[PDB]
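First the structure, in the form of structure tokens, and then the observations on it.
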Amino acid sequence: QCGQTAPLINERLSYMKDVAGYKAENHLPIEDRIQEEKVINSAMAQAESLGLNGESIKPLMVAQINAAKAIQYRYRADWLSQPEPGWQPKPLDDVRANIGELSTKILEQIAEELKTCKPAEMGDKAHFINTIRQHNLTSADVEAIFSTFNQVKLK
Amino acid sequence: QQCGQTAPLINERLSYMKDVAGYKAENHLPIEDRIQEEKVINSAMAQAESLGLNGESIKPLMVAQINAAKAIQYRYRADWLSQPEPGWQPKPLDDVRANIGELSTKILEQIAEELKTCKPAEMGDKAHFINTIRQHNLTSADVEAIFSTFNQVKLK
């Protein structure tokens with residue numbers, strides 16, 4: 001509905017421990033440029049169709065990808081000295097399709113929220129902070145998302 | 001100063017890892033580079049040889065030190081994504097790595113000396129390692145792995 005974008009942003013990040021685990025098992029680097037460019041390109045296409053700038057959307061996407069990598073980097077660090085036996089990563093392709101599906105709802109939701117309800121009723125920083133909550137995610141990570149989110153514009 | 005002098009060296013080795021992390025981030029390079037790790041392990045094992053250390057007894061310590069170093073680097077990569085330290089600049093890699101290798105030698109020389117001359121009571125204990133090996137982005141679990149492997153190193 002309205003104020004529903006931040007919960008979807010948070011759901012996307014809940015998948016990053018699986019991405020990190022899978023990458024860790026297979027000794028894959030966290031940063032995958034071709035995967036990030038695919039993410040950034042589908043978002044731009046989708047944003048274009050929905051009547052969003054387009055250019056205003058890229059920083060939000062980069063903010064989300066950076067948050068997601070920061071989560072992954074800190075799992076890789078922690079697992080060196082504190083492996084998690086019980087953690088069995090889901091297959092990366094499945095997790096990636098769940099992540100893509102969410103990015104897709106995030107953009108739909110941003111367009112809908114922008115086209116209707118007034119950015120006074122749009123989420124404040126304390127709501128963003130309460131909503132976007134993940135182990136290995138810091139306030140600065142959430143803040144870079146919040147600040148980019150508020151600069152998304154229709155066009 | 002004869003016994004309990006290894007930890008300060010291990011700490012100084014790990015103070016260079018922010019520069020290595022910065023070099024890697026700048027170049028979009030992965031933190032983990034197994035070629036470089038085998039090289040560091042193989043050199044340490046050959047030095048251990050010249051110092052009267054058992055070569056194979058040294059590898060766990062090298063593994064533990066490399067893990068701590070990666071842990072630090074990973075943590076830096078994460079932080080800079082949202083908080084990027086502009087005009088802190090990493091030192092040139094080759095200079096950083098020579099310093100690291102130098103410290104790596106000193107650590108092995110110090111361990112060999114201590115093992116020859118000291119009781120394992122005069123040498124660093126678990127609490128000494130924690131209190132001495134402190135760096136931003138390095139945890140107590142990272143240091144405890146280094147301590148336990150350090151005690152696995154033997155003469156021969």
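Just so we're on the same page: first chain in the structure tokens is A, next is B, and so on; residues restart at 1 for each chain, and ligands are numbered from 1 in the order they show up.
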Starting from chain B, keep only residues with some atom at most 10 Å from an atom of chain A, counting only C-alpha atoms, and report them as an mmCIF file with N, CA, C and O atoms, in the first residue's frame.
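For reference, part.cif as written:
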```cif
data_model
loop_
_atom_site.group_PDB
_atom_site.id
_atom_site.type_symbol
_atom_site.label_atom_id
_atom_site.label_comp_id
_atom_site.auth_asym_id
_atom_site.auth_seq_id
_atom_site.Cartn_x
_atom_site.Cartn_y
_atom_site.Cartn_z
ATOM 1 N N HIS B 28 39.186 -3.305 -7.392
ATOM 2 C CA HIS B 28 38.068 -4.255 -7.461
ATOM 3 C C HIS B 28 38.564 -5.702 -7.415
ATOM 4 O O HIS B 28 38.054 -6.562 -8.154
ATOM 5 N N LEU B 29 39.586 -5.979 -6.586
ATOM 6 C CA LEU B 29 40.105 -7.336 -6.488
ATOM 7 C C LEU B 29 39.482 -8.103 -5.330
ATOM 8 O O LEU B 29 39.185 -7.509 -4.274
ATOM 9 N N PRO B 30 39.292 -9.430 -5.505
ATOM 10 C CA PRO B 30 38.801 -10.244 -4.399
ATOM 11 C C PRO B 30 39.790 -10.216 -3.200
ATOM 12 O O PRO B 30 41.002 -10.109 -3.390
ATOM 13 N N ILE B 31 39.250 -10.328 -1.993
ATOM 14 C CA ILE B 31 40.075 -10.393 -0.779
ATOM 15 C C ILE B 31 40.909 -11.668 -0.749
ATOM 16 O O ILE B 31 42.113 -11.621 -0.391
ATOM 17 N N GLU B 32 40.270 -12.782 -1.147
ATOM 18 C CA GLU B 32 40.922 -14.085 -1.126
ATOM 19 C C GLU B 32 41.667 -14.375 -2.422
ATOM 20 O O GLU B 32 41.117 -14.313 -3.520
ATOM 21 N N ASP B 33 42.945 -14.669 -2.288
ATOM 22 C CA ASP B 33 43.805 -14.899 -3.445
ATOM 23 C C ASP B 33 44.737 -16.030 -3.009
ATOM 24 O O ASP B 33 45.713 -15.775 -2.300
ATOM 25 N N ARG B 34 44.380 -17.264 -3.392
ATOM 26 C CA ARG B 34 45.041 -18.483 -2.965
ATOM 27 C C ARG B 34 46.445 -18.631 -3.468
ATOM 28 O O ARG B 34 47.287 -19.241 -2.801
ATOM 29 N N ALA B 64 46.268 -19.204 10.348
ATOM 30 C CA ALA B 64 45.568 -18.338 11.333
ATOM 31 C C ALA B 64 45.843 -16.850 11.090
ATOM 32 O O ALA B 64 44.927 -15.977 11.173
ATOM 33 N N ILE B 66 46.721 -15.438 8.209
ATOM 34 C CA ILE B 66 46.092 -15.082 6.931
ATOM 35 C C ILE B 66 44.586 -14.918 7.091
ATOM 36 O O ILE B 66 44.043 -13.967 6.569
ATOM 37 N N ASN B 67 43.909 -15.831 7.798
ATOM 38 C CA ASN B 67 42.505 -15.628 8.204
ATOM 39 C C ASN B 67 42.207 -14.316 8.934
ATOM 40 O O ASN B 67 41.235 -13.617 8.600
ATOM 41 N N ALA B 68 43.008 -13.985 9.932
ATOM 42 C CA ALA B 68 42.828 -12.729 10.621
ATOM 43 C C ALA B 68 42.979 -11.538 9.688
ATOM 44 O O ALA B 68 42.222 -10.599 9.765
ATOM 45 N N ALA B 69 43.994 -11.569 8.838
ATOM 46 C CA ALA B 69 44.227 -10.572 7.860
ATOM 47 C C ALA B 69 43.037 -10.451 6.876
ATOM 48 O O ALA B 69 42.554 -9.350 6.646
ATOM 49 N N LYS B 70 42.568 -11.567 6.306
ATOM 50 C CA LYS B 70 41.365 -11.516 5.470
ATOM 51 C C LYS B 70 40.153 -10.978 6.228
ATOM 52 O O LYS B 70 39.385 -10.148 5.690
ATOM 53 N N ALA B 71 39.985 -11.419 7.479
ATOM 54 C CA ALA B 71 38.853 -10.947 8.277
ATOM 55 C C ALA B 71 38.879 -9.395 8.331
ATOM 56 O O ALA B 71 37.882 -8.712 8.094
ATOM 57 N N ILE B 72 40.045 -8.837 8.599
ATOM 58 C CA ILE B 72 40.224 -7.394 8.679
ATOM 59 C C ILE B 72 39.869 -6.707 7.366
ATOM 60 O O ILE B 72 39.134 -5.681 7.338
ATOM 61 N N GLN B 73 40.414 -7.270 6.277
ATOM 62 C CA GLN B 73 40.217 -6.736 4.945
ATOM 63 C C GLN B 73 38.757 -6.785 4.544
ATOM 64 O O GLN B 73 38.248 -5.828 3.996
ATOM 65 N N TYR B 74 38.102 -7.911 4.801
ATOM 66 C CA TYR B 74 36.680 -8.037 4.468
ATOM 67 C C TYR B 74 35.820 -6.945 5.141
ATOM 68 O O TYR B 74 34.949 -6.336 4.514
ATOM 69 N N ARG B 75 36.118 -6.722 6.424
ATOM 70 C CA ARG B 75 35.465 -5.752 7.254
ATOM 71 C C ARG B 75 35.684 -4.345 6.737
ATOM 72 O O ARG B 75 34.725 -3.580 6.677
ATOM 73 N N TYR B 76 36.916 -4.026 6.286
ATOM 74 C CA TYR B 76 37.165 -2.759 5.643
ATOM 75 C C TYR B 76 36.395 -2.625 4.365
ATOM 76 O O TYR B 76 35.839 -1.540 4.093
ATOM 77 N N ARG B 77 36.365 -3.687 3.545
ATOM 78 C CA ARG B 77 35.639 -3.570 2.248
ATOM 79 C C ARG B 77 34.155 -3.208 2.539
ATOM 80 O O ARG B 77 33.573 -2.334 1.904
ATOM 81 N N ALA B 78 33.573 -3.882 3.518
ATOM 82 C CA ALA B 78 32.169 -3.664 3.895
ATOM 83 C C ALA B 78 31.925 -2.197 4.299
ATOM 84 O O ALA B 78 31.053 -1.494 3.731
ATOM 85 N N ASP B 79 32.769 -1.695 5.198
ATOM 86 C CA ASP B 79 32.634 -0.339 5.755
ATOM 87 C C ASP B 79 32.743 0.773 4.731
ATOM 88 O O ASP B 79 31.968 1.744 4.771
ATOM 89 N N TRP B 80 33.679 0.623 3.792
ATOM 90 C CA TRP B 80 33.921 1.668 2.841
ATOM 91 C C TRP B 80 32.794 1.814 1.853
ATOM 92 O O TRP B 80 32.665 2.878 1.275
ATOM 93 N N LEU B 81 31.982 0.770 1.655
ATOM 94 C CA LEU B 81 30.812 0.839 0.764
ATOM 95 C C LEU B 81 29.821 1.937 1.167
ATOM 96 O O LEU B 81 29.237 2.649 0.296
ATOM 97 N N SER B 82 29.630 2.103 2.475
ATOM 98 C CA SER B 82 28.727 3.165 2.924
ATOM 99 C C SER B 82 29.512 4.334 3.491
ATOM 100 O O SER B 82 28.948 5.429 3.600
ATOM 101 N N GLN B 83 30.770 4.103 3.885
ATOM 102 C CA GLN B 83 31.570 5.150 4.525
ATOM 103 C C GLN B 83 32.999 5.176 4.028
ATOM 104 O O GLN B 83 33.873 4.688 4.734
ATOM 105 N N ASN B 137 38.693 -3.694 13.329
ATOM 106 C CA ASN B 137 38.205 -4.773 12.456
ATOM 107 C C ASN B 137 38.762 -6.161 12.723
ATOM 108 O O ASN B 137 38.612 -7.060 11.923
ATOM 109 N N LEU B 138 39.377 -6.356 13.877
ATOM 110 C CA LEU B 138 39.907 -7.659 14.246
ATOM 111 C C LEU B 138 39.214 -8.141 15.516
ATOM 112 O O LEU B 138 39.230 -7.442 16.526
ATOM 113 N N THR B 139 38.654 -9.339 15.523
ATOM 114 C CA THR B 139 37.922 -9.750 16.714
ATOM 115 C C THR B 139 38.771 -10.652 17.622
ATOM 116 O O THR B 139 39.843 -11.126 17.244
ATOM 117 N N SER B 140 38.258 -10.881 18.826
ATOM 118 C CA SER B 140 38.863 -11.800 19.775
ATOM 119 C C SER B 140 38.886 -13.248 19.291
ATOM 120 O O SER B 140 39.898 -13.926 19.468
ATOM 121 N N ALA B 141 37.796 -13.719 18.669
ATOM 122 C CA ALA B 141 37.854 -15.002 17.940
ATOM 123 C C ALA B 141 39.006 -15.087 16.869
ATOM 124 O O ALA B 141 39.653 -16.131 16.744
ATOM 125 N N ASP B 142 39.294 -13.999 16.168
ATOM 126 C CA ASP B 142 40.395 -13.976 15.179
ATOM 127 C C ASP B 142 41.732 -14.157 15.906
ATOM 128 O O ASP B 142 42.604 -14.902 15.451
ATOM 129 N N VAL B 143 41.884 -13.461 17.039
ATOM 130 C CA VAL B 143 43.135 -13.508 17.790
ATOM 131 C C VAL B 143 43.325 -14.838 18.497
ATOM 132 O O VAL B 143 44.436 -15.345 18.578
ATOM 133 N N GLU B 144 42.244 -15.406 19.025
ATOM 134 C CA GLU B 144 42.307 -16.705 19.711
ATOM 135 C C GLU B 144 42.752 -17.863 18.803
ATOM 136 O O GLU B 144 43.474 -18.747 19.259
ATOM 137 N N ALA B 145 42.355 -17.827 17.518
ATOM 138 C CA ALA B 145 42.873 -18.768 16.526
ATOM 139 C C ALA B 145 44.391 -18.589 16.292
ATOM 140 O O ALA B 145 45.145 -19.555 16.081
ATOM 141 N N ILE B 146 44.857 -17.362 16.396
ATOM 142 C CA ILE B 146 46.263 -17.118 16.189
ATOM 143 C C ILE B 146 47.036 -17.654 17.386
ATOM 144 O O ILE B 146 48.114 -18.261 17.216
#
```
message = Taking 3 positions as the minimum chain separation for residues in the same chain, which residues sit within 12 Å of segment 114-121 of chain B when counting only C-alpha atoms? Answer as a count of residues only.
response = 26
query = Out of segment 10-131 of chain B, which residues get alpha helix (DSSP H) from DSSP, as a ChimeraX atom specification?
reply = /B:10-14,17-26,34-50,55-82,93-117,126-131
task = Just give me the gap between atom CA of residue 10 of chain A and atom CA of residue 132 of chain A in Å, one decimal is fine.
result =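 One can read the atom CA of residue 10 of chain A to atom CA of residue 132 of chain A distance as 4.9 Å.
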task = Please report, as a ChimeraX atom specification, each residue of chain A to which DSSP assigns strand (DSSP E or B) when run on this structure's backbone.
result = /A:52-53,153-154
Include N, CA, C and O atoms and write out the residues we just selected as an mmCIF file, in the first residue's frame.
```
data_model
loop_
_atom_site.group_PDB
_atom_site.id
_atom_site.type_symbol
_atom_site.label_atom_id
_atom_site.label_comp_id
_atom_site.auth_asym_id
_atom_site.auth_seq_id
_atom_site.Cartn_x
_atom_site.Cartn_y
_atom_site.Cartn_z
ATOM 1 N N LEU A 52 9.410 6.415 -14.048
ATOM 2 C CA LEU A 52 10.449 6.954 -13.196
ATOM 3 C C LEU A 52 11.678 7.429 -14.022
ATOM 4 O O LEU A 52 12.029 6.796 -15.036
ATOM 5 N N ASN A 53 12.268 8.556 -13.596
ATOM 6 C CA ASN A 53 13.688 8.889 -13.845
ATOM 7 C C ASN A 53 14.467 7.803 -13.076
ATOM 8 O O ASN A 53 14.830 8.047 -11.938
ATOM 9 N N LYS A 153 12.675 10.067 -8.449
ATOM 10 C CA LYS A 153 11.719 10.990 -9.031
ATOM 11 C C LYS A 153 11.019 10.364 -10.222
ATOM 12 O O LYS A 153 11.634 9.629 -11.002
ATOM 13 N N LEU A 154 9.736 10.692 -10.368
ATOM 14 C CA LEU A 154 9.000 10.377 -11.594
ATOM 15 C C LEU A 154 9.590 11.125 -12.797
ATOM 16 O O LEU A 154 10.173 12.205 -12.632
#
```
key: Residues within 12 Å of residue 94 of chain B, only C-alpha atoms, excluding chain neighbours under 4 positions, as a list in words   =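 Selected residues are residues 16, 19, 20, 23, 90, 98, 99, 100 and 101 of chain B.
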Generate the output file for the selected residues, N, CA and C atoms, as a PDB file, in the first residue's frame.
```
ATOM      1  N   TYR B  16      49.166  -3.569   8.782  1.00  0.00           N
ATOM      2  CA  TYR B  16      49.286  -3.311   7.346  1.00  0.00           C
ATOM      3  C   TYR B  16      48.085  -3.735   6.508  1.00  0.00           C
ATOM      4  N   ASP B  19      45.915  -1.267   4.517  1.00  0.00           N
ATOM      5  CA  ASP B  19      46.472  -0.897   3.203  1.00  0.00           C
ATOM      6  C   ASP B  19      46.221  -1.938   2.131  1.00  0.00           C
ATOM      7  N   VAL B  20      46.307  -3.225   2.500  1.00  0.00           N
ATOM      8  CA  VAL B  20      46.089  -4.304   1.517  1.00  0.00           C
ATOM      9  C   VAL B  20      44.637  -4.267   1.075  1.00  0.00           C
ATOM     10  N   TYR B  23      44.181  -1.287  -1.296  1.00  0.00           N
ATOM     11  CA  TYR B  23      44.738  -1.694  -2.617  1.00  0.00           C
ATOM     12  C   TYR B  23      43.724  -2.564  -3.395  1.00  0.00           C
ATOM     13  N   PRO B  90      45.802   4.059   0.366  1.00  0.00           N
ATOM     14  CA  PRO B  90      46.687   2.954   0.675  1.00  0.00           C
ATOM     15  C   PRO B  90      48.121   3.193   0.176  1.00  0.00           C
ATOM     16  N   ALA B  98      56.444  -6.005   1.433  1.00  0.00           N
ATOM     17  CA  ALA B  98      57.824  -6.205   1.916  1.00  0.00           C
ATOM     18  C   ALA B  98      57.863  -6.028   3.431  1.00  0.00           C
ATOM     19  N   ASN B  99      57.181  -5.011   3.926  1.00  0.00           N
ATOM     20  CA  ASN B  99      57.006  -4.814   5.355  1.00  0.00           C
ATOM     21  C   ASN B  99      56.346  -5.981   6.075  1.00  0.00           C
ATOM     22  N   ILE B 100      55.324  -6.541   5.437  1.00  0.00           N
ATOM     23  CA  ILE B 100      54.611  -7.695   5.978  1.00  0.00           C
ATOM     24  C   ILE B 100      55.572  -8.892   6.043  1.00  0.00           C
ATOM     25  N   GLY B 101      56.324  -9.117   4.968  1.00  0.00           N
ATOM     26  CA  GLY B 101      57.205 -10.268   4.842  1.00  0.00           C
ATOM     27  C   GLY B 101      58.316 -10.143   5.877  1.00  0.00           C
TER      28      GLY B 101
END
```
key: Distance query residue 152 of chain A at most 10 Å, only C-alpha atoms, self and fewer than 5 positions along chain excluded, as an MDAnalysis selection string   = chainID A and resid 52:60 110:111 114 147
Leaving out residue 6 of chain A and any residue of its chain fewer than 6 positions from it, which residues lie within 10 Å of it when counting only C-alpha atoms, given as a short mmCIF file (atom, residue, chain, number, x, y, z; two decimals) with N, CA and C atoms, in the first residue's frame?
```cif
data_model
loop_
_atom_site.label_atom_id
_atom_site.label_comp_id
_atom_site.auth_asym_id
_atom_site.auth_seq_id
_atom_site.Cartn_x
_atom_site.Cartn_y
_atom_site.Cartn_z
N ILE A 106 9.84 -3.75 -5.58
CA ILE A 106 10.37 -2.50 -5.03
C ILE A 106 10.13 -1.37 -5.99
N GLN A 109 6.40 -0.65 -6.42
CA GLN A 109 5.97 0.02 -5.21
C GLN A 109 6.43 1.47 -5.13
N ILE A 110 7.65 1.76 -5.58
CA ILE A 110 8.15 3.13 -5.60
C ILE A 110 7.32 4.00 -6.56
N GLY A 123 7.55 7.40 4.29
CA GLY A 123 8.36 6.99 5.46
C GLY A 123 9.50 7.89 5.90
N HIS A 127 11.36 5.10 10.74
CA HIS A 127 10.60 3.93 10.18
C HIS A 127 11.44 3.08 9.26
N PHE A 128 12.16 3.74 8.37
CA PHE A 128 13.16 3.08 7.55
C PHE A 128 14.12 2.25 8.38
N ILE A 129 14.62 2.82 9.48
CA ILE A 129 15.63 2.19 10.32
C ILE A 129 15.03 1.02 11.06
N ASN A 130 13.81 1.18 11.55
CA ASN A 130 13.17 0.06 12.22
C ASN A 130 12.89 -1.11 11.26
N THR A 131 12.55 -0.77 10.03
CA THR A 131 12.10 -1.75 9.06
C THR A 131 13.29 -2.49 8.48
N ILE A 132 14.32 -1.75 8.08
CA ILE A 132 15.46 -2.36 7.40
C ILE A 132 16.50 -2.75 8.44
N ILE A 145 20.81 3.95 1.76
CA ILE A 145 19.58 3.59 1.09
C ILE A 145 18.52 4.68 1.28
N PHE A 146 18.35 5.16 2.52
CA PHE A 146 17.28 6.10 2.83
C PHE A 146 17.47 7.35 1.99
N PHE A 149 16.79 6.78 -1.66
CA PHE A 149 15.36 6.49 -1.84
C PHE A 149 14.59 7.80 -2.01
#
```
task = Go ahead and compute the interatomic distance for atom CA of residue 27 of chain B and atom CA of residue 38 of chain A, in Å to one decimal.
result = 20.7 Å
inquiry  = Nearest residue to residue 49 of chain B out of B:15, B:105, B:148, B:131, using only C-alpha atoms?
reply    =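 Nearest to residue 49 of chain B: B:105.
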